[PDB]
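*Asks:*
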Amino acid sequence: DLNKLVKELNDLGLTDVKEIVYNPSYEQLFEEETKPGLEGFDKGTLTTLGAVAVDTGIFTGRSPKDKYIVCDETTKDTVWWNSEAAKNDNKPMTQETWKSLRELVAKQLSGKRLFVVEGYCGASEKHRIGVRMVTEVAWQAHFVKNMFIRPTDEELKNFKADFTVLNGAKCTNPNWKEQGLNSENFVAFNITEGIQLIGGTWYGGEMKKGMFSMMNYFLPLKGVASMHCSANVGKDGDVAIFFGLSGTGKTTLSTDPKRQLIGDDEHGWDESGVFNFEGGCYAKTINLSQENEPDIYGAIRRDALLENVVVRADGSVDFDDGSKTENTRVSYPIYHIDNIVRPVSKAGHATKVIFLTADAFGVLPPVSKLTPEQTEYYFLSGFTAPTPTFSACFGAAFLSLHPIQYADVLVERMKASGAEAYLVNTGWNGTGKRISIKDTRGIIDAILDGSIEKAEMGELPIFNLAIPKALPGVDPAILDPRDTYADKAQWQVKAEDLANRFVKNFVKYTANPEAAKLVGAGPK
Ligand SMILES: *SC[C@@H](O)[C@H](O)CS(=O)(=O)[O-]
Ligand SMILES: [Mn+2]
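Okay, so the sequence shown: first residue is 12 according to this note's numbering, each after it adds one.
1. Suppose the cutoff is 6 Å on Cβ atoms and the five residues either side in sequence are ignored; what does the same chain contact list for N178 look like?
2. Mark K465 as exposed unless 16 or more other C-beta atoms lie within 10 angstroms of its C-beta, in which case mark it buried.
3. Hey, would you say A358 sits closer than 7 Å to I273, going by beta carbons?
4. Please classify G51: does DSSP put it in a helix, a strand, or coil?
5. Could you tell me whether the region 482-493 touches the region 372-390, using the rule of 3 or more Cβ pairs below 8 Å?
6. Since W439 sits in a beta bridge, which residues does DSSP pair it with?
7. Going by the beta-carbon positions, is the gap between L367 and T437 smaller than 7 Å?
8. Roughly how far, in whole angstroms, is the beta-carbon of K123 from the beta-carbon of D100, given that I think they are within contact range, below 8 Å?
9. Taking the continuous beta strand (DSSP E) assigned at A427, which residues delimit it?
10. Is the separation between the beta-carbon of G141 and that of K171 shorter than 7 Å?
11. Report yes or no: do three or more beta-carbon pairs, one from the region 319-338 and one from the region 66-77, lie closer than 8 Å?
12. Anything with a beta carbon under 6 Å from a heavy atom of ligand 1 counts; list them all in chain order.
13. Just how far apart, CA to CA, sit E277 and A236?
14. Which same chain residues, not among the five before or five after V422, have their C-beta less than 8 Å away from its C-beta?
15. Within a Cβ cutoff of 7 Å, which residues of the same chain sit near residue 539, ignoring the five residues on either side of it in sequence?
16. Use the C-beta contact count for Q416: other C-beta atoms within 10 angstroms, 16 or more gives buried, fewer gives exposed.
17. Tell me whether the beta-carbon of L434 lies closer than 7 Å to the beta-carbon of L381.
18. Closest to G309 by C-alpha separation, out of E289, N523, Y346, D329, would be which residue?
19. Ignoring anything shorter than 4 residues or poking outside the region 32-76, list the alpha helix (DSSP H) runs there in chain order.
20. Short check: CB of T71 to CB of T336, under 7 Å?
21. Does ligand 2 have even one heavy atom less than 6 Å from the beta-carbon of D275?
22. Report the option in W280, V285, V328, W187 whose CA atom is closest to the CA atom of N298.
23. Taking 7 Å as the threshold (C-beta atoms), are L412 and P231 in contact?
24. Counting pairs of beta carbons, one from the region 175-191 and one from the region 204-223, are three or more of them closer than 8 Å?
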């Protein structure tokens, strides 16, 4: 089977291929990462935790300015290209420049020992993409073994590489200026050929988010939702999905001993149900505490891969040290976490969709039940905060299609399963402080158990949001945010301000005529 592999690599441009370490075991990868003689960023370091640690150099996070998608007959009219109307990272690359870069990476990966790992992006039998990653660095192969779904031996016998990632991190492009690119580095995608090239950056995330961006292209075009969310399932099979930017409490509210975790970051929703795209977790570790983060900490053992953490002379890890970067990370296969769905990360249809937001303006209700149109409007807005952040579809950096396409397919799936969407503000109110964890958990409990659907509803002005008048165990005095203000004028002025920010933010999305129709569902 290696012969067929070498041939396929040869067809991509790689020549003089030496030994290929094909789908190595975790034990083999561990030894490869720590063998004597490794130089540069290839080198893994042994830690007191039994987990290997590596560094990534210059790039310790994604490089959106270096992201490109090839402009061709397939993508011309389908990709949500960057434009003056709405700036984004989908920058067009000519076929000529792509050819030059593919040849450059193929040359970088020629004449040497290679690691090749095959895995699936998507737990769905019908919508998964078979990913093959080729690298000259063992730990990069380990990252892919962790983050994508690990095929069974039977599945590998019939494995089809729908997308190939050629990782040429050691390679940089000195022709960039003349080619009109951003820098000597590049993270490029050719949708027609099914290839992602990585040059110059060693950040692990480029591999994970590259395929996420590709799932975000292929799935919605086939009517399958592609989402940046977490998802869990209850004892009775009830599925809920949670959306929310950093600081909204997504991780905590998605954690429940009574519910199994489907996934924490990337999911699809097809005719059968909700499925994780990934086979592992890529978690932030800065200031990580065993007491504060027991689950993540316990997963950091052999087979986890630490990235950019400070490792002392004795092998101990100083998780509080952000000297290399504040974005320290660790990746690990999902089974390093206990309360998860097994042996495949998927379940049935979602019936509860929760949009979390931390409103620093103290205007939005702790919980609102949205209409279908509002669900699309607030999904496109992706608001959280007072300094506001608006990230379309809670994942602007990975949107290969227009935000409205993700919103439309999400609502179509919701309509088919009778799902309801709720906007939950885990942020502030008239008290000047954030809502209590007791009240937010009570709110999430009422959404999951359906009691919110039995509540009498009122309506908040300006945003025209349906709000419950009472929920089991939740303080009724906070449900209408106006009630937490002694002077309802403070609310009024801040609401008009926040409303204005939503309306101004939305203009750029109106460049798409379908999204333009949603203005009426937004605040007035
Ligand atoms: S960036 C790729 C480039 O460094 C290339 O591998 C150099 S060569 O092997 O001398 O052609
Ligand atoms: Mn993410």
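Cβ coordinates follow ideal geometry from the N, Cα and C atoms, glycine included.
*Replies:* The answer reads as follows:
1. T146, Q151, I209
2. exposed
3. yes
4. helix
5. yes
6. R445
7. yes
8. Actually they are not in contact, since the Cβ atoms of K123 and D100 sit about 31 Å apart, beyond 8 Å.
9. Unbroken run through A427 is the alpha helix (DSSP H), 414-428; no beta strand (DSSP E).
10. yes
11. yes
12. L115, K118, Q119, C182, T183
13. 11 Å
14. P383, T386, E387
15. Beyond the ends of the chain as shown, which are 12 and 535, falls residue 539; an answer cannot be given.
16. buried
17. yes
18. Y346
19. 37-45
20. yes
21. no
22. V328
23. yes
24. yes
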